[PDB]
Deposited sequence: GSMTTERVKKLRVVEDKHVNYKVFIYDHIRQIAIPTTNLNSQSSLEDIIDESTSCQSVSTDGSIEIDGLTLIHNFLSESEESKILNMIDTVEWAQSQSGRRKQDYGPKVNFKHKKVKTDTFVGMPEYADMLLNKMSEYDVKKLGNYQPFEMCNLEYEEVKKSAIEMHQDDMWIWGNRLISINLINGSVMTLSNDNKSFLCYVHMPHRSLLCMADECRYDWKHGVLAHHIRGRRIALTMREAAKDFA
């Protein structure tokens, strides 16, 4: 753990702020996150922070929508990625248009006007011990908003801030959408630890370019 002596926060999806907690650590179990995530509303705002650009929307997809998408996903072949992951590189998929619209309908200001260069499905699997390390995309090549939709199972998106030694867990439930922009995009690195994966999960990624080139 690089985050062993970090200050750990939990994201309150209702108040849309990160509360510090002593009940979590850098090696917290997936259950610990969920219990703290649902119990942090009554906790004090003392020491809390606001992470501008972090947008979690519960139940972004319905079960019909998800089922339709998952069936279309599995027709296409899976490539090999790193750290026990697989991928499908796309823009091309028919279900992209739908997702872009729903994103605009919920919020035209933030999630509208979105033309991503890449749309990528990232398959996780508990048995492979799939994961993605803490990292950040360069602002000179990659743009503002990073979308991620939780298919099959939810998980936890771990955020870090090295300059301030802040660790933050965002519980992403089944069929939730996480948009990462602004501060969250540019001042925080993001990752998903192996012990936060429940069975199989497919993260439906999107990302826009910084420039047309």
Legend entry - Deposited-sequence stretches lacking C-alpha coordinates, listed in sequence order: 1 to 15, 106 to 122, 246
